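Asks: here is my input; please provide its structure:
(one chain, ligands or ions: 5)
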Amino acid sequence: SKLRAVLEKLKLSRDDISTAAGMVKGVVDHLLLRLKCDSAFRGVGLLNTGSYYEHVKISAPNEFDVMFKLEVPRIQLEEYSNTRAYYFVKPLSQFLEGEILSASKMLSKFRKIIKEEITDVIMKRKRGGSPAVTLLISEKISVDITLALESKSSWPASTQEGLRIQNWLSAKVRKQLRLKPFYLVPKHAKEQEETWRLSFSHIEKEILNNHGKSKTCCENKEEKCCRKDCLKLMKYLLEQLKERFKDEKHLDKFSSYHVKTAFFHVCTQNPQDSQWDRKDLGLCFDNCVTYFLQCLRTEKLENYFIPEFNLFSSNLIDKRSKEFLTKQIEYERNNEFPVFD
Ligand SMILES: Nc1ncnc2c1ncn2[C@@H]1O[C@H](COP(=O)(O)OP(=O)(O)NP(=O)(O)O)[C@@H](O)[C@H]1O
Ligand SMILES: COCC(=O)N1CCc2[nH]c3c(Cl)c(Cl)ccc3c2[C@@H]1C
Ligand SMILES: [Mg+2]
Ligand SMILES: [Mg+2]
Ligand SMILES: [Zn+2]
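Replies: Numbering: from 1, shown residues only. Ligands and ions are numbered 1, 2, ... in the order given. Provided below are the atomic coordinates:
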């Protein structure tokens with residue numbers, strides 16, 4: 001089919017994987033070692049996150065996401081201004097502003113050490129908003145390194161009704177996942193440079209790499225579902241539209257995380273592996289496209305872990321920009337996705 005041919009073109013070359021994985025490893029492992037020399041970052045450890053480690057990276061292995069996490073014992077959080085996702089947190093004294101541990105102070109020292117420690121490896125110009133320090137290896141491979149505080153405490157109350165996976169992955173899996181740590185990354189609330197942001201990237205990876213109702217989903221030829229193929233196609237649809245419309249400000253604020261989040265909700269809506277049969281790829285992809293269009297139309301895209309954090313709030317994305325993306329995605333759906341050609 002046309003969609004199968006798209007998926008074929010989006011496959012990663014084994015040779016590119018071998019080269020890129022080796023280059024990323026050498027840089028990451030080196031910075032890990034060097035940060036451990038600093039009194040503040042002694043305890044950093046690696047967590048691999050994002051689409052490469054979820055096996056949904058498309059086209060080229062040219063962008064990798066990692067967390068350098070630090071266990072902070074005795075963490076005490078205070079939710080910032082009913083935002084549900086942003087928190088105050090109360091060798092680390094250098095980062096205290098009062099009794100709060102300043103996210104911006106920690107991020108600035110983290111960035112400064114990496115910049116000094118960095119194979120042709122450069123640091124990309126600071127992007128506002130992002131919690132990451134971003135590197136570029138050999139002019140081609142981007143690496144986002146996100147500092148994170150690790151907490152082994154119970155997840156914050158704003159997550160109590162999130163992760164609605166009980167009919168898909170099971171109640172016992174939901175309980176096991178909520179016994180894992182959670183993370184705080186230095187992305188600040190709109191106003192607040194002291195605040196941190198909840199992150200569950202590690203749980204997103206666990207879900208995508210163990211994604212079936214059947215434990216043997218995608219382990220044999222009889223159970224090769226099309227979940228990851230549908231996420232890849234949604235990602236490519238948004239990627240291509242953002243490229244075509246790169247000079248149109250209306251597409252600036254959309255990201256692959258909006259389609260990842262919508263995808264997780266469609267998995268909740270369609271929990272059975274038989275709703276993701278390979279033979280139904282076009283229908284499954286359409287289910288994902290129509291769900292995303294409904295999210296745009298209703299201005300509703302809840303964070304999968306934090307339901308009262310709406311990614312499609314008018315506070316974050318103007319109605320006009322969602323309507324613009326609706327228009328372009330409807331055109332694609334109505335014309336058999338010419339942007340894929
Ligand atoms: N807005 C967000 N809210 C929460 N977590 C986010 C957000 N944006 C990115 N992340 C996390 O950071 C990871 C890497 O971000 P990004 O590199 O932008 O996306 P990806 O999932 O890696 N897809 P891509 O790199 O586009 O193939 C995502 O997988 C999420 O786990
Ligand atoms: C092309 O890649 C960009 C990317 O990877 N990011 C930029 C935007 C963003 N926003 C985040 C939030 Cl809100 C949380 Cl909780 C955790 C991680 C992120 C990230 C990452 C570092
Ligand atoms: Mg990525
Ligand atoms: Mg990234
Ligand atoms: Zn599967």
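Asks: what about the residue in the stretch 1-150 of the chain positioned nearest to ligand 5, how many residues nearby?
Replies: Closest residue of the stretch 1-150 of the chain to ligand 5, CB to the ion: residue 55 (11.0 Å). All C-beta atoms are positioned from the backbone trio N, CA, C, and that covers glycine. Residues near residue 55, counting by other CB atoms under 10 Å, number 13.
Asks: now do the residue lying closest to it once chain neighbours are set aside: how many residues are near it, please.
Replies: The spatial neighbour of residue 55 that comes closest, neighbours along the chain excluded (CB to CB, 6 or more residues apart in numbering), is residue 228 at 6.6 Å. Counted by other CB under 10 Å, the residues lying close to residue 228 total 19.
Asks: on that earlier part again, the residue of the stretch 1-150 of the chain closest to ligand 5: what secondary structure?
Replies: coil (DSSP: H, G, I helix; E, B strand; the rest coil).
Asks: same question, residue 246
Replies: Classified using three-state DSSP, residue 246 is coil.
Asks: near ligand 3, which residues of the stretch 51-200 of the chain?
Replies: Residues of the stretch 51-200 of the chain lying close to ligand 3 (CB under 5 Å from the ion) are 51, 63, 65.
Asks: rewinding a little: distance-wise, check the residue of the stretch 1-150 of the chain closest to ligand 5 relative to residue 335.
Replies: Distance check for residue 55 against residue 335: by CB to CB, to the nearest Å, it reads 30 Å.
Asks: ok, now which ones touch residue 70?
Replies: 41, 43-45, 147-150 (CB atoms under 8 Å, 6 or more residues apart in numbering).
Asks: that one sits in which helix or strand?
Replies: strand 63-71 (DSSP states H and E).
Asks: note down every partner strand of the following helix or strand past that strand and its orientation.
Replies: Downstream of strand 63-71, the first helix or strand assigned by DSSP H and E is strand 77-79. Counting by DSSP bridges, the strands paired with strand 77-79 are strand 86-89 (antiparallel).
Asks: can you give the contact residues for the strand it pairs with?
Replies: Outside strand 86-89, the residues that reach it (CB under 8 Å, 6+ apart) are 72, 75-80, 100-101, 103, 149, 156, 184, 187-189, 192, 194-198.
Asks: do stretch 232-248 as well
Replies: Counting contacts by CB under 8 Å, 6+ apart, the residues outside stretch 232-248 that touch it are 3, 6-7, 10, 51, 56, 58-59, 251, 254-256, 258-260, 262-263, 285, 288-289, 292, 324-325, 328-329, 332, 337, 339-340.
Asks: buried only: go through the residues you listed for me.
Replies: Applying 16 or more other CB atoms under 10 Å to these, the neighbour count classes 3, 6-7, 10, 51, 56, 58-59, 251, 254, 256, 258-260, 262-263, 285, 288-289, 292, 324-325, 328-329, 332, 337, 339-340 as buried.
Asks: using PDB, write out every CA atom in the biggest strand by length in the chain.
Replies: For the chain, the strand with the greatest residue count under DSSP state E is strand 141-151. Written as PDB, here are the backbone C-alpha positions of strand 141-151 (Å, rounded to 0.1, in the frame of the first residue of the first chain):
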ATOM      1  CA  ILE A 141      23.500  14.300  15.200                       C
ATOM      2  CA  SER A 142      21.600  16.400  17.700                       C
ATOM      3  CA  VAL A 143      21.600  15.200  21.400                       C
ATOM      4  CA  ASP A 144      19.300  16.800  24.000                       C
ATOM      5  CA  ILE A 145      20.800  16.300  27.500                       C
ATOM      6  CA  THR A 146      18.200  17.100  30.200                       C
ATOM      7  CA  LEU A 147      19.200  17.500  33.800                       C
ATOM      8  CA  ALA A 148      16.700  15.800  36.000                       C
ATOM      9  CA  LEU A 149      16.000  15.400  39.700                       C
ATOM     10  CA  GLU A 150      15.000  11.900  40.600                       C
ATOM     11  CA  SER A 151      12.400  11.300  43.300                       C
END
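Asks: and the longest helix for this structure?
Replies: The helix spanning the most residues in the chain, taking DSSP state H as the definition, is helix 14-35.
Asks: in it, what counts as buried?
Replies: Neighbour-count burial for helix 14-35, counted by 16+ other CB under 10 Å, picks out 20, 23-24, 27-28, 31-32, 35.
Asks: nice, that's everything, thank you.
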